[PDB]
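Here Cβ is always computed from backbone atoms with ideal geometry, including for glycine, and neighbour counts include all displayed protein chains. All of the numbers you see were taken from the coordinates with simple rules; none came from a lab.
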Amino acid sequence: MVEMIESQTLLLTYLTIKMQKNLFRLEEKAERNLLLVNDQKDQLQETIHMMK
Amino acid sequence: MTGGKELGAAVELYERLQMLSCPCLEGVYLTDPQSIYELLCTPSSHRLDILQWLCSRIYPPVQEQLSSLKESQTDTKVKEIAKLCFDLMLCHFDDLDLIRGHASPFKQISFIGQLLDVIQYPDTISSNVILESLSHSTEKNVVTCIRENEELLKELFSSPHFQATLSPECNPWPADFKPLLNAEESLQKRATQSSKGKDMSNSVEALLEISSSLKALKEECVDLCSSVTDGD
Amino acid sequence: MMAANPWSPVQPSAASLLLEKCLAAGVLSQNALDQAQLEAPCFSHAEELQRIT
Amino acid sequence: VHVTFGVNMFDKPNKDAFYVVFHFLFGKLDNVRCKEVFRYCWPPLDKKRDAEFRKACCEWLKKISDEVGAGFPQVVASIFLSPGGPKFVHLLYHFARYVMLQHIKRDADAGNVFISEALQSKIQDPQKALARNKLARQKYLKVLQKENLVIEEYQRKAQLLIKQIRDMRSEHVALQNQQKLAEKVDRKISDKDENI
């Protein structure tokens, strides 16, 4: 039983680490994808202010 | 700047220590985030005996072991706490200076949060189950948790979503945005050249000057602010 | 082919279609996700730029 | 239709699940050395390639049985002649545990590498094993809950900007046509401050 629960611990912690490394990679480019669209927001909103 | 997030997270961990009824806060009524941050982040016995209470909440057999160790054996308490936190997958067994309080505050905060998480909240206060014989409780609780874990792992792993959670990707972006999102080597230069904690400050600074100038011009132009609508 | 509607709502995560399932199967309970909440605000420098704009 | 998998696949001698699952575990362990060591025997369709594949699996797993030593089920080439029953299962369990540890030693952070040595520590107390195990289960749930928050909030913040930049892309075009009405009228700018 002690080797059985420590086989469940290894399954859980392996999955957590597999998620962390792939999820941080999604979050890293998700912020850059939002920043690349706020660049487009800022200049367009400012151009519209001059044209107003 | 920076340490304002470490001050705020010290209050999170301190209110959670009160909710979880830490006896090492009995009468210790701090209301200053700096004093709260120093209680959780400075090298003190007060903090080390809090870490011992957190260790005793998670793993009660350490409480006999750490109460066998005196004031003059505190650097032995530090090593058995670090050795427990290594067995618990929280730090290295030589991470003694996280246990003392000489590590960077965000590391101490992240470590204390990973202790307070495992100390499940008292939501259904089952008054009698506090001290009935642990030697005829522990094996039941291990078998019930092994069963919960077999059921939970067998029913997580029955989901078709169970490789997507482990390899996540997302795209909200439609075709009319993809020319921008492909322009990486031109536009990411701007996104790295912004000075951020400066840019935010100078933006509020100019907004205050222009607001003051616009206020003063309206406190001069009072006759011109009179609603004489019949101009024509 | 079919096409996606550009006005489709937020699509559920691979996590929700695993959590909802484990709650409906009783192998989790809400009280064990509540005692596992994690308020780390996402994309906070994309907000830092938006607030300047 | 010809190769049974799942839990019970090794309750009987099963060469084709043995070929697949061992090439897989070597291929997730070391994808380059798998593509070399099995290069001449993969797939093991014949009676020579069956012997070469079983040799190569036994010699890599004996290295793991010498490298992990007392933590590993002693590798003997007879096990692969008729691959099945609980002595084949037990070797495959410790092989899978070794490949998962060889991912924790690769896919944890530079500060978190010690979690491999912790999961190499076979705790013998059922209380500290239960405490370690709850902590592992709750760390899994906390990352699974933030997977929703990242996937959902990326959609929330993007769909807002996908509207705002489409709205402004039309208001710009209204203004850029109103402008081209005034461009016809004003040719009396230099007159203004004199005539004031």
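When only residues in the range B:133-167 that are part of a loop (DSSP other than H, G, I, E, B) and away from chain C (no Cβ under 14 Å) count, which is nearest to C:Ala15 (Cα to Cα)?
Ranking the candidates gives B:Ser137 first.
Can you tell me which residue within the range A:23-38, out of those that are crowded, with 18+ Cβ neighbours inside 10 Å and out of contact with any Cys (no Cβ under 9 Å at 6 or more places or on another chain), is nearest to D:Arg137 (Cα to Cα)?
Per the stated criteria, the residue is A:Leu23.
Quick one: which helices (runs of 4 or more DSSP H) sit completely within the range D:100-196 and have at least 1 residues that are of a type outside the set (A, V, I, L, M, F, W, C), more than 29 Å from C:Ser44 (Cα to Cα) and within 13 Å of chain B (Cβ to nearest Cβ)? Reasoning before the result, please.
Details: elements: D:114-120, D:126-182, D:192-195.
The helices (runs of 4 or more DSSP H) meeting that bar are D:114-120, D:126-182.
When you go through (1) touching an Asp or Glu at 6+ places or on another chain (Cβ under 6 Å); (2) loosely packed, with under 10 Cβ neighbours inside 10 Å one by one for C:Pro41, which number turns out not to apply?
Failed condition: (1).
So D:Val75 fits all but one of (1) over 22 Å from D:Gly6 (Cα atoms); (2) outside any loop (DSSP other than H, G, I, E, B); (3) not acidic (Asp, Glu); what number is the exception?
(2)
Among the residues of the range B:3-25, what is the count of those that are of a type in the set (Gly, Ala, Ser) and not in a helix (DSSP H, G or I)?
Matching residues across the range B:3-25 total 2.
Being closer than 30 Å to A:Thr16 by Cβ, of a type in the set (A, V, I, L, M, F, W, C) and free of Cβ contacts under 8 Å to residues at least 24 places away in the same chain is true for just one of B:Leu166, B:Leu208, B:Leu180, B:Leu224. Which residue is that? Walk me through it before giving the result.
Values: B:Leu208 fails: closer than 30 Å to A:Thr16 by Cβ; B:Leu180 fails: closer than 30 Å to A:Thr16 by Cβ; B:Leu224 fails: closer than 30 Å to A:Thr16 by Cβ.
The match here is B:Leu166.
Look at B:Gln108 and say whether it is surrounded by 10 or more Cβ atoms within 10 Å (Cβ to Cβ) and without any contact (Cβ under 8 Å) to a residue 40 or more places away in the chain.
Criteria not met by B:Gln108.
Which pairs turn up if I take residues in the range A:38-49 that are within 10 Å of chain C (Cβ to nearest Cβ) and farther than 21 Å from D:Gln159 by Cα and look for partners that are outside any helix (DSSP H, G or I) and of a type in the set (A, V, I, L, M) with beta carbon separation below 8 Å, at least 6 apart in sequence or on another chain?
Pairs found: none.
Kindly indicate whether any position in the range C:31-44 is free of Cβ contacts under 8 Å to residues at least 24 places away in the same chain, within 27 Å of B:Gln188 (Cβ to Cβ) and among the small types (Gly, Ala, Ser).
There is at least one residue in the range C:31-44 that is free of Cβ contacts under 8 Å to residues at least 24 places away in the same chain, within 27 Å of B:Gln188 (Cβ to Cβ) and among the small types (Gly, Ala, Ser).
Can you tell me which residues in the range B:168-203 are in a helix (DSSP H, G or I) and either charged (D, E, K, R) or at positive phi (or both)?
Within the range B:168-203, B:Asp176, B:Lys178, B:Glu184, B:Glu185, B:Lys189, B:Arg190, B:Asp199 meet the criteria.
What tally of residues in the range B:26-65 results from selecting those that are in a helix (DSSP H, G or I) and in contact (Cβ under 8 Å) with a residue 12 or more places away in the chain?
Residues meeting the conditions: 22.
Checking D:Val150 against (1) in contact with an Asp or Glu (Cβ under 8 Å, 6 or more places away or on another chain); (2) within 30 Å of A:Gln45 (Cβ to Cβ); (3) surrounded by fewer than 15 Cβ atoms within 10 Å (Cβ to Cβ), only one condition comes out false. Which one?
Of (1) in contact with an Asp or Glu (Cβ under 8 Å, 6 or more places away or on another chain); (2) within 30 Å of A:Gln45 (Cβ to Cβ); (3) surrounded by fewer than 15 Cβ atoms within 10 Å (Cβ to Cβ), only one is false for D:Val150: (3).
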